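# Tertiary structure, described
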Amino acid sequence: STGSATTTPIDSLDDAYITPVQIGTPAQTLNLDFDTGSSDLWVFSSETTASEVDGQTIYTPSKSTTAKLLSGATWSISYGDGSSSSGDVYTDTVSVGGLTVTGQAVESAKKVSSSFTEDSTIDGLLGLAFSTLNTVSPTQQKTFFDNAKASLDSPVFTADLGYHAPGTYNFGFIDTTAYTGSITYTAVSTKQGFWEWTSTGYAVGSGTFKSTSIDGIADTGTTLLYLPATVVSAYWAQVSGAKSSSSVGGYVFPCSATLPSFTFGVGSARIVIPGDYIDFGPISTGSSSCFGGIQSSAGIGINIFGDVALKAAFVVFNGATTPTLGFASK
């Protein structure tokens, strides 16, 4: 089997992407944030504290003839950025772009933090990291991909995120029309539960490539590109007037600037992030200070190849017995 679904930016800055997902019978369609950096499929629901719902579409298990309470199971997740959610668990039928999994754990939120409430466009998360990070207790549950894997034509999914435009998540096949040149594959460590890999270096603008190993995660649920302070400083040093602002929370730059590209290495291959992809617009409405899309990972504890980086590529998440990651230009 295969599946193919369009993923759409939630706003004009590509702060996140939503993908429609069919849950239950008859189908209830929710727009979920596909997240290769976490491993829980959780949704706003009829059980969510009313004051914490503000415009989201909810899953109502009592209206699904295929929903079953997973007795005794609870879940609770605290994301790196301080957001959180928790609740109980149903199993139900979940379909993504024509690909159907029966008995998928659908984690129903009883509580969500303010960041989730305030984002009316995101109805929940669909985790695509390794199932070892799943938070359901006392019986850990599998991700949608893990459940689908054996049925797929090939045990892969691909992320093709758009810049200020829709893109695609495919399951079970590689669309050879969706990228240019070749796909370069690189090793993955699953030791921390992530799609963790090592970039071979970077360049700033038309500058020379610096060969250096940068370990990090391919994380569709993170907006920005988080890299070591040395690398980030070298980037922003090429933008007149750029500075790191503790008050704002990272590097800012004059909105009148033209940003240089940023290149990252995948083996001997190179992925070029155009300068425009690194512009996250005014820090507040009407400001002439703009927020940067490349930020320091210092004090995160891990480097993160988030949407800024991934949207410059066609990315293969290869879930074979020994997983790997593939990157192509597009």
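Residues numbered from 1 in each chain as written, not as in the entry; some residues may be left out. Heavy atoms only, no water. Residues with missing side-chain atoms left out of burial classes, pairs and counts.

### Considering the pairing of strand 3 (residues 28-35)
Our working rule: Burial here depends on accessible area, computed with a 1.4 Å probe over protein chains only, as a share of the maximum for the residue type. Under 20% is buried, over 50% is exposed, and the range in between is partly exposed. In this text, helices come from DSSP runs of H or I with a minimum length of four residues, and strands from runs of E with a minimum of two, each type numbered from the N-terminal end. Note on pairing: DSSP must find at least two bridges between two strands before they are called paired.
The element strand 3 is extensively covered by neighbouring structure, given that 6 of its 8 residues are classed as buried. Judged from the 5 bridges that link them, strand 2 (residues 17-23) and strand 3 form a sheet pairing that is antiparallel. Across the sheet, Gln-22 pairs through a bridge with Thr-29, a residue of strand 3. The antiparallel hairpin formed by strand 2 and strand 3 contains 4 residues in its connecting segment, where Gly-24 sits at a positive phi of about 85 degrees.

### Re the nonpolar core
Applied cut-off: Throughout this description, the term nonpolar core refers to a set of buried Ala, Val, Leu, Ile, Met, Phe, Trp, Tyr and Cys residues connected via side-chain atoms within 4.5 Å. As annotated, the domain borders come from an automatic or database domain assignment. Contact between two residues is taken to exist if any of their heavy atoms lie within 4.5 Å; hydrogens are not considered.
By size, the foremost hydrophobic cluster in this structure holds 68 residues, and its most contacted members are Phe-171, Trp-236, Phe-262, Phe-264, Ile-273 and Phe-327. Here this core gets 4 residues from one element, more than from any other, and that element is helix 3 (residues 229-236). Built from parts of two domains, this core gets at least three residues from each of domain 1 (5-174) and domain 2 (175-330). If sequence neighbours within four positions are ignored, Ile-273 has contacts with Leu-225, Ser-261, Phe-262, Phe-264, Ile-278, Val-308, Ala-309 and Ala-312. If you look at the next biggest cluster of nonpolar residues, it comprises 17 residues, including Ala-16, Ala-73, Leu-125 and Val-136.

### A look at the pattern of salt bridges
Quick note on the threshold: We define a salt bridge as a contact between a side-chain nitrogen of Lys or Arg and a carboxyl oxygen of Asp or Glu at a distance within 4 Å.
In total, this model carries 2 salt bridges according to the counting rule given. Of the charged contacts, one joins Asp-160 and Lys-330 as a salt bridge, the two residues approaching to 2.8 Å between their closest N and O atoms. Taken together, the positions of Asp-160 in strand 9 (residues 156-160) and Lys-330 in the segment after strand 24 (324-328) put the pair 170 residues apart, joining distant regions of the chain.

### Focus: the sheet that holds strand 12 (residues 196-204)
Keep this limit in mind: Geometry is summarised by axes, namely lines fitted to C-alpha atoms with helices restricted to the contacting stretch, and by angles between N-to-C directions that run from 0 to 180 degrees.
Reading across the sheet, the 7 strands line up as 18-17-12-13-22-14-21 and stay open at both edges, with mixed pairing between neighbours. Both outer strands of the open sheet, strand 18 (269-273) and strand 21 (294-296), are each paired with one neighbouring strand and no more. The sheet shows a mean angle of 45 degrees between the axes of neighbouring strands, direction not considered. Both strand 13 (residues 210-218) and strand 22 (residues 303-305) contribute to a ladder of 3 bridges, which runs parallel. The residue of strand 22 that forms the bridge with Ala-218 is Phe-305. This element, helix 3, spans strand 12, strand 13, strand 14 (225-227), strand 17 (262-266) and strand 21 of the sheet and lies at about 140 degrees to strand 21.

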